[PDB]
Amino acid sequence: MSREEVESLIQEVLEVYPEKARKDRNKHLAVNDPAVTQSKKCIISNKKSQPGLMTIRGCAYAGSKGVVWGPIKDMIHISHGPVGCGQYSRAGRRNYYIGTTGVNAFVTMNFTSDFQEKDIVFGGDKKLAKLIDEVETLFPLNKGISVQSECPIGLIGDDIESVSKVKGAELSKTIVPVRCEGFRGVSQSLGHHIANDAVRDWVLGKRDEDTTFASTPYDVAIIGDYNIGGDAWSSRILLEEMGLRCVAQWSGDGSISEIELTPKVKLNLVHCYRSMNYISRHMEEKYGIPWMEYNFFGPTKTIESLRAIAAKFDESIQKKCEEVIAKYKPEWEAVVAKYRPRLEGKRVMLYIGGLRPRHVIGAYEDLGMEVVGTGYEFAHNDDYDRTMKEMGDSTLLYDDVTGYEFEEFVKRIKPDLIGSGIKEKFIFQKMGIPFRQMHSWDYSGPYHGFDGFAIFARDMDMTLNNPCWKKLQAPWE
């Protein structure tokens, strides 16, 4: 499709909307131009969703409890409010960890205050304090508690900050109050920010006056990798094979101690810019620690990132970097040799959250596939700034896409594969379009690193070329 045809497609789709929605949605749909450096000249983002259009977005509690805090494995996170939020988000995100669940780790458990009407009318602060005592009794090996506020907490005027201060002092325990009520912001994104500020204000500084950790010049932290299907582990192994020492992982398979140790590292390696740039900027300002973005999707980006990271240290790290690259070269070349012939030329459309819609593009290109459209649920313009040079000319970009827009775009563009989420998956399977979950990896993965590229390739081939897709039309029709 040409630049003008993609523009016509946008305008034709927008015809269904009432004027107010049409005017707003027009600003969130664009034809890509890789030359542009300020994306706000082509597309607007991080604005309120239009009511009743079936956005795919979640809320700030999702961004804070579900995304940033919930993976931290040796703390207990309280879903504070009525029973729904904690139940719908119980073990839905595959932020993997090593622990003894219910004893020293708690990630897949659902701790809630289960608000009833009496708690709404009279407040939940007395309940929260009693709940904290009960947590301490029944789960003595927990190393800290967070309180993840659901919508009602701020609306009824509860003061979870005072509870946390008083109960934290009384029990000599780190208790983190998080005001991530779902009415705040417009999406998961503000949840990220609120969660980052909670880490900043209640945890990150606990060892500021402790000099007992012996650092080395090679101490790094993996920032913004939530270890989906083991992603962070297949990232960490490469970095340590390169000679670096990973002191912390934020927050996949993460522990509260390694968060407290992160101000002692020499470099913060940021994968998810969207969710963790806030705390990265804070540690630069407060501790002088530099941070850099990297990308471990596919061999081209993984090699580029290893080499960019190693250049920040010394010749010995760089020598180990080239040994890592040499070790895995036959492995990923074998993957490409097997699967690129099966995938060359295929066209894919993506819709994910705040990073992967640009970050996985290079991995698809390493298998000869072309990303013909991409977009984010809740990215900001600095994310789109980073996306336009990664996407081909005249491709289609969509911010906070509606269910109707996405189906209509797909019907016209006719992609060979779609990569998006669980609320999209079964729609497109009915239409006979191969679909891969790009949040949960469809219960597969890891996809990061060299070992993840093998799985990514196998997974795209198994779905795109599956025999099921040739049988949707009955032979008598």
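Numbering starts at 1 and follows the sequence shown.
Looking at mean Cα B-factors across 148-156 and 115-123, the upper value is held by 115-123.
In this entry, 44-52 shows the higher mean Cα temperature factor of the pair 44-52 and 436-444. Highest C-alpha temperature factor among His359, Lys264, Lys319, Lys286 per the entry: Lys319. Within the listed group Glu258, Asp366, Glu209, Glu240, the record reports its top CA B-factor for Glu209. When the modelled residues of the chain are ordered by C-alpha B-factor, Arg236 sits in the lowest third. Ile418: CA B factor lies in the lowest third for its chain, per the PDB record. Sort the chain's modelled residues by C-alpha temperature factor and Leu128 lands in the highest third, per the entry. Per the PDB record, residue ranking by Cα B-factor puts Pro217 in the lowest third of the chain. Per the deposited record, the Cα B-factor of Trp250 falls in the middle third when ranked against the other modelled residues of its chain.
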